[PDB]
Protein chains: 4
Amino acid sequence: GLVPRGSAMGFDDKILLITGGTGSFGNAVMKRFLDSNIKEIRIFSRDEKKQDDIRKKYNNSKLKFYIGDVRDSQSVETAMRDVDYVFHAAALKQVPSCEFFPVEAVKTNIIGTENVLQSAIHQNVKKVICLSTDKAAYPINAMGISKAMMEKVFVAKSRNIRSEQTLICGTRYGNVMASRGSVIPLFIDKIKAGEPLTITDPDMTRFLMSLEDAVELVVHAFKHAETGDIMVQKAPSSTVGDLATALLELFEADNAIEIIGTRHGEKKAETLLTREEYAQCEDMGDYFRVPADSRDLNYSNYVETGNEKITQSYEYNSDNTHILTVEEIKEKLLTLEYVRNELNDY
Amino acid sequence: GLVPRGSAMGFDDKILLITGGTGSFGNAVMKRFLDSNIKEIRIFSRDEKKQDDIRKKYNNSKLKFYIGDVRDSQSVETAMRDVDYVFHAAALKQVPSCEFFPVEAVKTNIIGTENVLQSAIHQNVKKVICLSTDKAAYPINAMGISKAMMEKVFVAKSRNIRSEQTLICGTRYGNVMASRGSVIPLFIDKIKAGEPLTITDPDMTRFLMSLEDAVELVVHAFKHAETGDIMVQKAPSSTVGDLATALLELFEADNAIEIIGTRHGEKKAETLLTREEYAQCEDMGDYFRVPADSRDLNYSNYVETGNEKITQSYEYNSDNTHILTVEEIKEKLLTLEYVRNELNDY
Amino acid sequence: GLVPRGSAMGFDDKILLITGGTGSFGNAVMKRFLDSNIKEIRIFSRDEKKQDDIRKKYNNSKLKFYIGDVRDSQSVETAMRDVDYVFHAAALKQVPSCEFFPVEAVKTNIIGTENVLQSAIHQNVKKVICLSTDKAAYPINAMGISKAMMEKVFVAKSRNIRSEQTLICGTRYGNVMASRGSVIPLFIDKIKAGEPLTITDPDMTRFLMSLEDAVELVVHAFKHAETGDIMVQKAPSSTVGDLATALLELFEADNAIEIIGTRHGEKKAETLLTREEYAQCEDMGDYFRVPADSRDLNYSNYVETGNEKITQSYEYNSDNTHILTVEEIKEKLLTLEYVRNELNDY
Amino acid sequence: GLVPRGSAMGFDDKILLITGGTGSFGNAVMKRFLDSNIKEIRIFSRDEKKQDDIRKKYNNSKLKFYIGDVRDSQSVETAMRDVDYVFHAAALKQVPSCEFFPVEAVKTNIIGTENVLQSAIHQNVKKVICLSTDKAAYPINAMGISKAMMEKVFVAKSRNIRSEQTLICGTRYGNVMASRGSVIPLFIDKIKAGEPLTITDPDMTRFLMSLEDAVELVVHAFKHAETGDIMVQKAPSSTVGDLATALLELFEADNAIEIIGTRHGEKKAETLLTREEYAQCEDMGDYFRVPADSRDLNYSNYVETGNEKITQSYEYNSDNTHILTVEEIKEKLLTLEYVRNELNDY
Ligand SMILES: NC(=O)c1ccc[n+]([C@@H]2O[C@H](COP(=O)([O-])OP(=O)(O)OC[C@H]3O[C@@H](n4cnc5c(N)ncnc54)[C@H](OP(=O)(O)O)[C@@H]3O)[C@@H](O)[C@H]2O)c1
Ligand SMILES: NC(=O)c1ccc[n+]([C@@H]2O[C@H](COP(=O)([O-])OP(=O)(O)OC[C@H]3O[C@@H](n4cnc5c(N)ncnc54)[C@H](OP(=O)(O)O)[C@@H]3O)[C@@H](O)[C@H]2O)c1
Ligand SMILES: NC(=O)c1ccc[n+]([C@@H]2O[C@H](COP(=O)([O-])OP(=O)(O)OC[C@H]3O[C@@H](n4cnc5c(N)ncnc54)[C@H](OP(=O)(O)O)[C@@H]3O)[C@@H](O)[C@H]2O)c1
Ligand SMILES: NC(=O)c1ccc[n+]([C@@H]2O[C@H](COP(=O)([O-])OP(=O)(O)OC[C@H]3O[C@@H](n4cnc5c(N)ncnc54)[C@H](OP(=O)(O)O)[C@@H]3O)[C@@H](O)[C@H]2O)c1
Ligand SMILES: CC(=O)N[C@H]1[C@@H](OP(=O)(O)OP(=O)(O)OC[C@H]2O[C@@H](n3ccc(=O)[nH]c3=O)[C@H](O)[C@@H]2O)O[C@H](C)C(=O)[C@@H]1O
Ligand SMILES: CC(=O)N[C@H]1[C@@H](OP(=O)(O)OP(=O)(O)OC[C@H]2O[C@@H](n3ccc(=O)[nH]c3=O)[C@H](O)[C@@H]2O)O[C@H](C)C(=O)[C@@H]1O
Ligand SMILES: CC(=O)N[C@H]1[C@@H](OP(=O)(O)OP(=O)(O)OC[C@H]2O[C@@H](n3ccc(=O)[nH]c3=O)[C@H](O)[C@@H]2O)O[C@H](C)C(=O)[C@@H]1O
Ligand SMILES: CC(=O)N[C@H]1[C@@H](OP(=O)(O)OP(=O)(O)OC[C@H]2O[C@@H](n3ccc(=O)[nH]c3=O)[C@H](O)[C@@H]2O)O[C@H](C)C(=O)[C@@H]1O
Ligand SMILES: CC(=O)N[C@H]1[C@@H](OP(=O)(O)OP(=O)(O)OC[C@H]2O[C@@H](n3ccc(=O)[nH]c3=O)[C@H](O)[C@@H]2O)O[C@H](C)C(=O)[C@@H]1O
Ligand SMILES: CC(=O)N[C@H]1[C@@H](OP(=O)(O)OP(=O)(O)OC[C@H]2O[C@@H](n3ccc(=O)[nH]c3=O)[C@H](O)[C@@H]2O)O[C@H](C)C(=O)[C@@H]1O
Ligand SMILES: CC(=O)N[C@H]1[C@@H](OP(=O)(O)OP(=O)(O)OC[C@H]2O[C@@H](n3ccc(=O)[nH]c3=O)[C@H](O)[C@@H]2O)O[C@H](C)C(=O)[C@@H]1O
Ligand SMILES: CC(=O)N[C@H]1[C@@H](OP(=O)(O)OP(=O)(O)OC[C@H]2O[C@@H](n3ccc(=O)[nH]c3=O)[C@H](O)[C@@H]2O)O[C@H](C)C(=O)[C@@H]1O
Ligand code: NA
Ligand code: NA
Ligand code: NA
Ligand code: NA
């Protein structure tokens, strides 16, 4: 459910706003809360086409479609009036497009987040959850750097805003299995096309999680985050060399593998918690919570006092979590209805 | 000199603008070009006090003092008219202040750099060199993240602007020995005060370079960078445990060492070139040049083609350069007139 | 071709920018010029997903993908540098979404067009063609009103800018057969679903044209418009009552028709030239050209001098063009490969 | 009075703000409420001269004069603090000047109205009445188009703002007899000058109303409008051919008539309610009220549900109201003290 064990709220008078509400998570998150008592789900984005498609498929009078842009504080303010909860998912999230147009990544991902927070605070929103990415930890490309900076901005706002006024937190997650354009659909299309599998670096690792796991992480933050927290779902990882084998064996196929090399903008492994975040985090079980440090603007934490737990820690990354076996990758692959349909169809 | 072997220019009709011109580098860079043929050095910053101090100390009619703010495109445009060269050194550069006010770090370091580039291009400036920091490689604090994003922005502008119109490049350097507030003056003050040396993590490493080495790196970029390049000076490093010993032996002092632990916002070692940058860089000798990739907006470099040299490389960092011995640290320490004066005086 | 009879240009050194370049026309217009000598086609829009899809389908090194927003003059300026020709197709074009968020329609369709024109003029673009709609003539809904105002803005700019500097014109067209969401796909889906055809007002008329006819109109303006002109393609029309019959007979189907009534925001017939435009227009044959009036800011044309040709004229609309017979509608329907495939498949 | 039969309010603690407060309506509306209990009437405009003239003529300590511009939200906010009621009359309202400078018409009439509404809402104003024009229905010139778009903007704001917070409505009226520069003073001046009457199109019709009728319409909206309503006063009309005869017979004059032809930017007849507005309106008697449709952002009203009452209706225009006889035009002309004085004086 959407509510901790031993609570209830009833969302029967509550309004959820989803920025970037037409994209993959916005939709999965939308479709989760449609399974609820919620009075209204406002879908806020720039794109009238994607909005009309969703409207017509769901025909649900809970859904309201707002045209607007996180870059524009007036357009956010219109959609934010009377809102209780915000899932902030609006972003430029593709690596190459942020790398070539990084000022657009700063306008949407960094300034656009500050506008959403400022409007949410003015409108007395109860909670804002900002979506981020493992590419924001030790980042190397403009998309991850802009997301890392977005995290600093929402953490900084949480220090100066009381929790009871507006609680502000965020989620960072790994690689969503079978994202549009991502490596699983790519490889399947190569299997079916009779093409070789283009492997970048077979020993490269990525955290592996489903879209459903990604929605649970947001719900987990919605229920349990404190203001300033970054919530991360613990996740296993796969090497690309093993993921490709898993798919080949499942599809009973003997397409060759071709090594194309590491592409620009990519790391060998992804980090979900930096050394410092790990040192400071609380283990919630299937999640880590990274609380905001120095909530009173405690300069001396950066200057004159240290923490030996930081020196003693190391980062949480896709090399040091459980790296799945080919068998495990297969089982996890088979929980996806995308893989099943393609499989049956093959 | 300011000109490659086998060239001359004469700067006798040339105008240099230094944003952040009143800070430590701006001044050292200013005082280098005062040693030149340059027609005019404009010092651009926000602070009328620091400007008046410099004016009165130098009394040099080459120096012109402009009040203005990189955040404001009109104020930059006033100072940029008729300029040939820009050293862009304006920045919020202190870790804690960027971490608590990251929107100010985005306004000055990222948006302020885009305003300087746009104005330089409109005014037909020949070259703009942007100063950056090893904290921008795999960054973990808001100051390094904003500087990493500044680098993406100037690299992106260089792809879309012809070199012959305006050449745009930047420099990244390590820890400047005996910066205001930095660990060498701190430890000396503890030596002289009879206080214990507060060591954060004795095995922490930082690249070690002088302010003079930092000015040479900027001059090196001024002379040799191509548009889009990031230039880094190769540098040795010290552990903090060894730097403290070097100072203690020099000062013939037996203050105790106290371990305070790693402070927030700090890494164990600093990186000057990421894995990818190292793979792509050219070794100029005492420098590496990191050329801009995908200058034609080549998406396919991020998506469908890879580079096996990236897979084969690793990052250039303060653990894997030459880590100096206590003896070496001492010799390097003694090249500083700050250390000498304090030493004699002790 | 893209060039008048008795001319040649060679577009071999030329750059075309398409704002809204990922939408239906942008693409058809893009795919037309791919059939040409053109050096570069820049696709400018806000959406990185749609851009990546197009890139990957075409794999054509002429295509460059710019992320940006017509609302933001800096982001337009980046994409406009070195451009020769602009097809301005960026717009919020859905009736309900403009009616509920008309300030967003004013920001994109009116202010966004002024930013494109101002940037094109600063960058010495040769020609800008602005796309408009018959809903802008005697308009009744916020989408048509914003498009009518966009036309006034580009006409006003053409009076004050010399043609040899930048030529600025626009196109207005009717209902594109088999647009996403439009009545032909709707009715086909009802045919195939066994559902009744929902007819709004069977005697309602709309101009009928194909997407290919729409691209020709833009090319016609590209080749022949003078600055300030509005170009309209003459077109026949259908009643909805007749279009529905045409589809039923083609699909050899006897789904019932249900009258739902006129929807909000709709006219009984659409106008392509107002009384005044018709009075002033030149007949180019399959097109009318509406030249800009009062090019010297001739107030007296609105105040003290009149034109008896205006009094004598009437508007050009979907009731007074050739209204096609069911047979004609069928023949025109069959020129569409969308209709053919659906037909065969049925 | 200013209050419905069976109510009272006492305006003894109330503050009225009139934007465009120095123009013809602002003044007539001002002079109406001076005839009241109102605590304060603030006159808001840009022009210090017109403000000083009014101040000095009335010498009334209820009148306060604010300099400011509807284009500037801070300047509106200063004048809006503690306001109860707003009559928004600020506008660029001349046809040629909007047609040549339509971006100025969009800044004042559309964006300026959104700033007034946003400030009124922030300041807890009770009611805002926006003045519009029959030129906004099926509009053909930039002035009417900007006013049509202003109406969409205030209607859209009324859907998202509760009535009890701020009620937002508007008025549309026809041709005010003996406006500065309008056809009645023009013709009188020709009568007195011995010049021929320049008639544009003698069969052209315009709604005829006095300034006093125009103030009553605003008061009617003030008392009875609901949020989102457009209120129109029913009105008879005159042909220009008949108005000219009426004036000639009254002035016992035989100046010839010259036909100059229809001028740019003019329709043959003006519309006060479009087909759709008429279908949806309630007849209040001497007024129609057009309520806002789809107050819950009901997309389906534009897309999947229709209204047969719309199909069955037609527009309310100056051809289909009561067209007055020459005798009627004369009687109505004689109710004007402007006509009387000119008449006696002749
Ligand atoms: N691969 C992944 O799925 C993944 C992994 C880690 C983190 N994340 C993060 O989770 C969030 C959503 O992920 P997703 O996969 O759902 O992304 P997605 O499908 O691309 O959705 C994000 C949505 O952002 C909207 N948007 C973009 N710019 C906007 C603006 N300026 N104003 C308002 N809306 C805007 C877009 O919709 P319109 O075109 O309709 O405006 C888009 O559909 C993003 O913040 C992303 O960083 C995603
Ligand atoms: N420790 C180091 O020295 C070190 C190491 C690596 C990289 N760097 C980089 O090198 C550059 C300069 O280093 P530095 O040590 O000379 O720094 P610094 O002494 O702090 O000087 C930077 C100058 O920036 C100016 N400034 C700040 N905001 C500005 C704005 N909004 N508009 C115009 N001027 C502004 C300030 O002068 P006013 O107060 O007069 O405006 C300040 O003196 C910075 O970009 C820094 O990131 C420094
Ligand atoms: N039914 C018709 O086809 C029809 C009829 C008459 C006239 N027209 C006109 O012709 C033009 C294009 O028609 P179309 O059918 O190709 O429309 P469309 O497919 O919706 O394409 C327009 C494109 O506008 C882009 N866009 C929207 N806001 C933008 C912004 N703020 N900055 C940059 N790009 C933006 C969108 O792409 P992103 O989401 O990638 O930004 C969208 O794909 C429009 O002006 C429309 O008014 C169309
Ligand atoms: N013929 C008619 O009378 C007629 C018919 C139908 C509708 N209307 C509408 O009714 C309203 C007023 O009619 P009216 O005849 O009283 O017009 P008017 O006498 O021209 O008065 C409008 C006032 O607008 C003020 N104004 C213009 N731009 C402004 C800005 N940017 N900020 C603040 N004030 C501004 C001007 O005063 P300053 O120069 O002192 O700023 C002007 O006196 C207008 O909205 C008009 O559209 C008029
Ligand atoms: C370039 C780009 O668009 N990256 C988007 C993407 O980020 P990630 O790179 O993490 O995901 P992927 O599914 O593409 O790589 C999976 C693994 O397979 C490897 N990979 C990938 C493609 C391939 O052909 N071969 C291969 O081995 C690859 O090196 C990696 O080890 O996905 C999300 C949606 C984004 O935000 C980014 O814009
Ligand atoms: C999960 C559980 O209940 N185990 C408890 C049990 O620990 P385990 O036996 O699991 O071994 P570890 O914790 O040493 O490393 C495991 C993984 O975590 C990550 N981990 C660990 C340390 C670190 O600094 N950074 C980090 O990412 C890294 O991915 C690494 O590979 O004891 C320690 C002291 C605890 O507090 C745990 O909650
Ligand atoms: C917090 C802060 O203001 N950091 C500024 C600073 O960045 P860095 O941290 O790199 O420099 P430092 O000279 O302070 O540390 C040197 C080494 O000594 C260690 N160090 C430092 C102080 C101490 O008491 N003990 C100690 O061991 C320390 O852990 C490290 O290993 O200097 C420049 C000017 C900035 O931009 C930053 O704002
Ligand atoms: C400096 C010179 O002239 N040496 C040449 C001679 O090399 P050396 O014997 O010096 O050993 P290496 O290059 O293996 O590593 C040295 C350091 O560089 C850094 N280095 C090296 C590789 C890398 O991927 N990343 C990196 O940072 C890292 O700090 C590491 O510790 O041969 C290789 C192949 C060259 O091309 C050199 O120019
Ligand atoms: C509401 C809406 O989104 N209108 C978009 C649309 O504008 P138009 O209305 O002109 O097109 P359509 O294909 O929908 O109507 C065709 C005719 O069939 C009639 N029509 C339509 C649907 C139906 O179920 N029944 C019916 O008779 C209808 O009354 C009309 O007589 O198409 C383009 C793409 C847009 O810009 C607008 O946002
Ligand atoms: C097309 C051609 O070559 N015909 C020439 C031949 O004309 P036709 O016999 O075709 O009859 P018409 O022009 O009277 O009306 C036809 C349609 O046009 C539209 N039309 C016409 C007049 C008008 O004011 N508005 C208008 O929209 C309206 O859709 C109407 O139903 O003589 C006149 C005087 C010309 O100048 C023409 O070029
Ligand atoms: C051009 C211009 O400034 N039009 C302003 C104006 O809008 P309207 O045109 O409605 O008013 P008018 O009194 O001028 O026309 C009355 C009738 O007499 C006819 N008319 C007018 C002048 C003439 O010489 N002869 C003539 O027959 C004329 O064709 C029409 O049939 O008045 C208000 C104040 C505005 O907002 C507009 O800016
Ligand atoms: C005013 C009154 O009390 N008459 C009532 C009495 O009506 P009347 O005998 O007056 O004839 P009508 O209503 O047919 O047309 C009159 C004028 O209105 C305008 N009118 C009318 C219909 C329309 O769709 N649009 C429109 O503008 C147009 O200007 C047209 O010329 O019966 C109908 C059904 C009513 O509901 C009325 O309230
Ligand atoms: Na707080
Ligand atoms: Na370049
Ligand atoms: Na011109
Ligand atoms: Na409301």
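Quick note on labels: first sequence line is chain A, next is B, and so on, each numbered from 1. Computed from heavy atoms alone, side chains included, the values below leave out hydrogens, waters and symmetry copies.
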Listed partners of [X] passing side chain to side chain contact (heavy atoms under 4.5 Å, CB included), at least two apart:
X        : answer
D/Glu212 : D/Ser210, D/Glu216
D/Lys192 : D/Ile188, D/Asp189, D/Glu342, D/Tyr346
D/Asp53  : none
D/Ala89  : D/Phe25, D/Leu131

[atom1]/[X] to [atom2]/[Y] distance, rounded to the nearest 0.5 angstrom?
X        : Y        : atom1 : atom2 : result
D/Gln280 : D/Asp293 : CD    : CG    : 5.0 Å
D/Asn175 : D/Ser318 : CG    : OG    : 8.5 Å
D/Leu248 : D/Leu243 : CG    : CG    : 10.0 Å

Check: [Y] and [X] side chains under 4.5 Å, non-hydrogen atoms:
X        : Y        : value
D/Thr321 : D/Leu272 : no
C/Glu114 : C/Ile110 : no
D/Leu63  : D/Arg55  : no
D/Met150 : D/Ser132 : yes
D/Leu17  : D/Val116 : no
C/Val153 : C/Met149 : yes

Residues, nucleotides or ligands: over 12 heavy atoms within 6.0 Å of [X] [atom1]:
X        : atom1 : answer
D/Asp254 : CG    : no
D/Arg340 : CZ    : yes
D/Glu249 : CD    : yes
D/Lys107 : NZ    : no
D/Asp286 : CG    : no

Is a donor on one side and an acceptor on the other found under 3.5 Å between the side chain of [X] and the backbone of [Y]?
X        : Y        : value
D/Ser313 : D/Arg275 : no
D/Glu40  : D/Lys64  : no
D/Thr113 : D/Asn109 : yes
C/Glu276 : C/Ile310 : no

Using 4.0 Å as the upper bound for N to carboxylate O, is an ion pair formed by [Y] and [X]?
X        : Y        : value
D/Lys234 : D/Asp213 : no
D/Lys267 : C/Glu315 : no
D/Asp84  : D/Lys126 : yes
C/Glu277 : C/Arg172 : yes

In residues 95-106 of chain D, what donor-acceptor pairs under 3.5 Å come from side-chain atoms, sequence neighbours left out?
{"unit_1": "D/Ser97", "atom_1": "OG", "unit_2": "D/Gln94", "atom_2": "O", "d": "3.4"}
{"unit_1": "D/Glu99", "atom_1": "OE1", "unit_2": "D/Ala142", "atom_2": "N", "d": "2.9"}
{"unit_1": "D/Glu99", "atom_1": "OE2", "unit_2": "C/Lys152", "atom_2": "NZ", "d": "2.6"}
{"unit_1": "D/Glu104", "atom_1": "OE1", "unit_2": "D/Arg71", "atom_2": "NH1", "d": "2.9"}
{"unit_1": "D/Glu104", "atom_1": "OE1", "unit_2": "D/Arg71", "atom_2": "NH2", "d": "2.8"}

Which word best sums up how the rings of D/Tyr316 and D/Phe207 line up, parallel for under 30°, tilted for 30 to 60°, or perpendicular for over 60°? tilted
Parallel, tilted or perpendicular, judged at 30° and 60°: which one describes the rings of D/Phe288 and D/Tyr278? perpendicular
Report the residues that fulfil side-chain hydrogen bond (donor to acceptor under 3.5 Å, both in side chains) with C/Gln312, sequence neighbours left out, ordered by chain and then residue number.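 With neighbours one apart ignored, the set is empty.
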Looking only at side chains, do [X] and [Y] share a donor and an acceptor under 3.5 Å apart?
X        : Y        : result
C/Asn301 : C/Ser294 : yes
C/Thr311 : C/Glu308 : no
D/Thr205 : D/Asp319 : yes
C/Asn320 : C/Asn317 : yes
D/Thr198 : C/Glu304 : no

Test: D/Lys127 cationic atom under 6.0 Å from D/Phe222 six-membered ring centre, within 45° of axis: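 The answer is yes, since D/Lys127 meets both limits relative to D/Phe222.
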